[PDB]
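Asks: Please work out how this folds:
(one chain, ligands or ions: 3)
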Amino acid sequence: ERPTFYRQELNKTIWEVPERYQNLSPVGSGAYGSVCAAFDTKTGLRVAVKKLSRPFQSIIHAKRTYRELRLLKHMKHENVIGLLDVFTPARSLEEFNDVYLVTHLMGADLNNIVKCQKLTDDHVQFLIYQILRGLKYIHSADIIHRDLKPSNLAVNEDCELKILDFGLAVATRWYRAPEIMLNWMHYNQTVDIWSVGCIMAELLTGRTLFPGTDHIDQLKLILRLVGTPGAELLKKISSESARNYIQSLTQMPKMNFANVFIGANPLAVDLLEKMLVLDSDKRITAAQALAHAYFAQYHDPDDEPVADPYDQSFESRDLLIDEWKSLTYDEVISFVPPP
Ligand SMILES: Cc1ccc(-n2nc(C(C)(C)C)cc2NC(=O)Nc2cccc(Nc3ccnc4ccc(N)cc34)c2)cc1
Ligand SMILES: CCCCCCCCO[C@@H]1O[C@H](CO)[C@@H](O)[C@H](O)[C@H]1O
Ligand SMILES: CCCCCCCCO[C@@H]1O[C@H](CO)[C@@H](O)[C@H](O)[C@H]1O
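Replies: Numbers count the residues shown, from 1 in each chain. Ligands and ions are numbered 1, 2, ... in the order given. Let me share the structure:
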């Protein structure tokens with residue numbers, strides 16, 4: 001059963017992997033892990049192999065390692081990264097200290113595409129349809145991505161898109177919902193839709209919607225488009241500290257998106273309006289967006305599946321590193337590759 005491994009140092013790092021993975025070359029690195037591209041001799045596909053750094057060196061790292069394995073083991077959707085393989089050199093729980101994660105290699109990402117060419121509307125539809133299809137699925141398992149941005153969207157020569165998390169340690173803040181920027185301590189799925197909002201806009205116009213140089217600037221850039229909060233929303237913020245200091249900022253009206261996104265498809269503009277509402281309660285959800293008329297060429301409610309129940313209870317446990325490691329060991333041990 002157990003495969004035979006080989007060994008090589010790549011950059012500063014030891015990479016011990018089953019023979020089937022060949023032609024290893026580094027594609028990026030940092031505090032959360034390193035990745036190599038590689039050829040999977042078993043399938044004939046290019047794959048990405050992620051070695052987690054110091055997976056069990058702290059509690060937080062331990063919980064992070066478990067979190068990522070569990071999440072990735074559960075994801076089974078065309079528009080979301082999937083696990084091809086997870087493996088460890090270790091022969092048992094006691095030797096156990098290294099975790100490798102394997103997925104399809106992604107060609108490249110959506111950020112490249114944006115710069116190197118401008119985009120047709122049919123293309124924009126295709127790209128955004130796929131992101132929301134993926135997000136419907138992720139949101140159905142009560143997972144929030146939280147860091148949707150063009151560099152976490154991998155797209156192939158065929159325009160097939162997968163959502164992932166390229167991060168291994170073009171500001172994230174450019175796509176971040178106004179409430180995250182405010183350290184609102186209980187934010188929800190709609191943060192994701194804000195981000196899709198920022199991406200679509202960018203895909204249509206060619207440039208960053210809100211290219212803020214810091215958190216304060218970011219809110220200024222936003223409020224110039226969506227306008228200062230109104231009373232029905234100020235009523236939702238019962239902090240007197242807040243309300244009175246926002247009202248002391250010179251008012252800013254809501255722009256009409258129709259006068260902003262010039263020469264774009266009316267339907268794109270309407271959808272955007274539904275996504276970039278300041279009040280997260282009023283934003284369109286992923287499920288609802290897939291049905292909007294902008295995606296009539298693509299929509300099919302019989303092919304927009306939801307995720308199987310996903311047990312998240314571990315998130316609210318406070319455990320020992322060896323326990324998180326043991327649990328991660330079980331999940332390695334029980335992995336069944338997809339056909
Ligand atoms: C602590 C933690 C928890 C979860 C994650 N997530 N979350 C997700 C969602 C399902 C929510 C999109 C995905 C991840 N992790 C994830 O994508 N990990 C991962 C695993 C293996 C390889 C890669 N990176 C690459 C994948 C594909 N092609 C690449 C090409 C070049 C390159 N440098 C990296 C990759 C990312 C990441 C970290
Ligand atoms: C170009 C390099 C050729 C490498 C081919 C890798 C084939 C690995 O061989 C495989 O793995 C296991 C041991 O690793 C064996 O038990 C199996 O026979 C086989 O499934
Ligand atoms: C700088 C002015 C503040 C603009 C921030 C917009 C407020 C975000 O919107 C808020 O998101 C909260 C988080 O879940 C929800 O509890 C509220 O229902 C929603 O109104």
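Asks: got the buried residues for stretch 137-153?
Replies: 137-141, 143, 145, 147-153 (16 or more other Cβ atoms under 10 Å). No exception for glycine: its C-beta is placed from N, CA and C like everyone else's.
Asks: Same list (those) but as a markdown table, adding secondary structure.
Replies: Shown next, in a markdown table, are the buried residues of stretch 137-153 (DSSP: H, G, I helix; E, B strand; the rest coil):
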| residue | secondary structure |
| --- | --- |
| 137 | helix |
| 138 | helix |
| 139 | helix |
| 140 | helix |
| 141 | coil |
| 143 | coil |
| 145 | coil |
| 147 | coil |
| 148 | coil |
| 149 | coil |
| 150 | helix |
| 151 | helix |
| 152 | helix |
| 153 | strand |
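Asks: ok, so of those, who is nearest ligand 3?
Replies: Proximity to ligand 3 was ranked across these by Cβ to the nearest ligand atom; first place goes to residue 139, at 14.2 Å.
Asks: what about dumping the CA coordinates of stretch 108-123 to CSV?
Replies: The C-alpha trace of stretch 108-123 is given here as CSV (Å, rounded to 0.1, in the frame of the first residue of the first chain):
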residue,chain,number,x,y,z
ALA,A,108,-2.5,31.0,-14.0
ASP,A,109,-4.9,33.4,-12.2
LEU,A,110,-7.6,36.0,-13.1
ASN,A,111,-5.3,38.9,-12.1
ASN,A,112,-3.0,38.2,-15.1
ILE,A,113,-5.9,37.9,-17.5
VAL,A,114,-7.2,41.5,-16.4
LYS,A,115,-3.9,43.3,-17.3
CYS,A,116,-2.8,41.4,-20.5
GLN,A,117,-6.2,41.7,-22.3
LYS,A,118,-9.4,43.6,-22.0
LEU,A,119,-12.6,41.4,-21.8
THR,A,120,-15.7,40.8,-23.7
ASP,A,121,-19.1,40.8,-22.0
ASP,A,122,-19.7,37.1,-22.7
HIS,A,123,-16.4,36.4,-21.1
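Asks: quick one, helices of the stretch 1-150 of the chain?
Replies: Taking DSSP state H, counting those that start in this stretch as the test, the helices found in the stretch 1-150 of the chain are 59-74, 110-116, 121-140.
Asks: will you turn those into a markdown table that also has distance to ligand 2?
Replies: Rendered in a markdown table, the data for these read as follows (distance: least, Cβ to the nearest ligand atom, whole Å):
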| stretch | distance to ligand 2 |
| --- | --- |
| helix 59-74 | 22 |
| helix 110-116 | 30 |
| helix 121-140 | 32 |
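Asks: most tightly surrounded among the ones you listed?
Replies: Highest mean neighbour count of the helices of the stretch 1-150 of the chain: helix 121-140, a mean of 21 (counted as mean count of other Cβ atoms under 10 Å).
Asks: contacting residues around the next helix or strand after that one?
Replies: Stepping forward along the backbone from helix 121-140, the first helix or strand reached (DSSP states H and E) is strand 153-155. Applying Cβ atoms under 8 Å, 6 or more residues apart in numbering, the contact partners of strand 153-155 are 81, 106-111, 113, 127, 131, 161-164, 166, 199.
Asks: can you check stretch 244-257 too?
Replies: 223, 224, 225, 226, 227, 228, 229, 234, 269, 272, 273, 276.
Asks: make it 10 Å
Replies: Applying Cβ atoms under 10 Å, 6 or more residues apart in numbering, the set of residues contacting stretch 244-257 from outside is 201, 219-220, 222-231, 233-234, 237, 239, 264, 268-274, 276-278.
Asks: gap between the two ends of it?
Replies: With Cα to Cα, to the nearest Å as the measure, stretch 244-257 spans 28 Å from end to end.
Asks: Tell me the buried residues in it?
Replies: 246, 257.
Asks: do it and ligand 3 meet?
Replies: Yes. Applying Cβ under 6 Å from any ligand atom, one finds stretch 244-257 touching ligand 3 at residue 246.
Asks: about what we covered before: what's the ChimeraX line that selects buried ones from the contacts of stretch 244-257?
Replies: Selecting the buried subset of these in ChimeraX, with 16+ other Cβ under 10 Å as the burial test, is done by:
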select :201,219,222,223,225,226,228,229,233,264,268,269,271,272,273,274,276,277,278
